[PDB]
Structure formats: C-alpha cells, structure tokens
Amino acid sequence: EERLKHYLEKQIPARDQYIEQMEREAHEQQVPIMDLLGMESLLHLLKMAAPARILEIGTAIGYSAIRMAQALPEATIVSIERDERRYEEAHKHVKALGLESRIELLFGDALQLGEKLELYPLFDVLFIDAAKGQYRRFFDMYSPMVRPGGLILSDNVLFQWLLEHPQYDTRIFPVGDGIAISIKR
C-alpha cells in the first residue's frame, strides 16, 4: 500500500555513487535488479543470519553480490554467471570496488560448475532467483552444498515441491514478489 511503502522507502540510505550508477546502467541496459526496498530487506535478513559464506546463482552485472559483500564485510560471496558480457561487466564492477578477494565470480554455466563447487566448504546461504529459470535444477544441484541450519533464499518462487521438501522448513516473505526462506533441517 502506497502509504506504507512511502514510509518504508524513506528509510533507505544512499548507496556509493558507483553503486547508484550501476543501478542506472541496469535500467538503461534492461538488466533486472532487485528493487531498493526489497534489497534493503534481503540484506537485513542476511545480517540476522550472520553468514560467512554465500553462494548466489545468477550474477547478472554483480549488483546483488556487491550489495551483499558491502553489507557483510566479513562474508565471502561465490556468484555464478552464464554470459560473458554480463560476466565481463560484473567482473569490472567487482574490481572497481576492490572486492575481488571477497566476491568470486564463476563463469559460467552453473550446471558444469557443481563439480568444482562441491570441493568448496559448505555455504551458509544459497541465493536462487526462480525467475532466471532452471529453478528445480539449481535447487537440486546446490542445496546439498548448504550447511544444516543454513538458508536457501528463493526469489520469485510463486510468480509446491519446495514448500513440502522434507529437509527444509520453508516460509514465504513479502519481499519483492515473494521470497521463500528455507531453513535446512
């Protein structure tokens, strides 16, 4: 509701000038990114969970990975990105902010990166956007890489096997178009 959203949106502080330009670039180049309010909510949920390690599927231009790394200065992010041009942009944006060492960008097809990643230590958080497709495939491949007690955040989940998945305690939260928060048993 506009009243409530006006109230909640006035609470959003300014980002780094470089980050605000990234937001403009994404709009200009029709690259979806999370809305400012949804993003502040997600970053707050992550701060509450206090993760050391985050795996994100679908880097795009690196906006979400950079926002997370900046909000969680002691976390490390691994982010997977298909395409070279978005991947290339993302790499430069990460480097621009000196975040190479805390954001590992993997290029490219998450489907043939799972063999690499299974030698990594378990992740505290997995972030997947159901809207980028192959949702069931990435959940299956990467959920085993999340620690017990850990979180899978599924953006756009409703846009049932998840909700009824025996190993996960799942609830949908009103962030953006609905985000599933699944806590691993």
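Don't overthink the numbering: it's just position in the shown sequence, from 1.
A.B. asks: With reference to the PDB entry, specify whether the mean Cα temperature factor is higher for 48-56 or for 24-32.
C.D. replies: According to the entry, 24-32 carries the higher average C-alpha B-factor.
A.B. asks: With respect to the recorded C-alpha B factors, which stretch has the higher mean value, 112-120 or 145-153?
C.D. replies: Of 145-153 and 112-120, the stretch with the higher C-alpha B-factor average is 112-120.
A.B. asks: Can you tell me whether residue 71 has a C-alpha B-factor in the lowest, middle or highest third compared with the other modelled residues of the same chain?
C.D. replies: Lowest third.
A.B. asks: Relative to the other modelled residues of the same chain, rank the CA B-factor of residue 18 and answer lowest, middle or highest third.
C.D. replies: According to the entry, residue 18 has a C-alpha B-factor in the chain's lowest third.
A.B. asks: Would you mind ranking residue 134 by its C-alpha B-factor against the rest of the chain and naming the third, lowest, middle or highest?
C.D. replies: Its C-alpha B-factor belongs to the middle third of this chain's values.
A.B. asks: Quick check on the deposited entry: does the C-alpha B-factor of residue 158 sit in the lowest, middle or highest third of its chain?
C.D. replies: Highest third of the chain for residue 158's C-alpha B-factor.
A.B. asks: Sorting the chain's modelled residues by C-alpha B-factor, tell me whether residue 106 ends up in the lowest, middle or highest third.
C.D. replies: Tercile = highest for this residue's CA B-factor.
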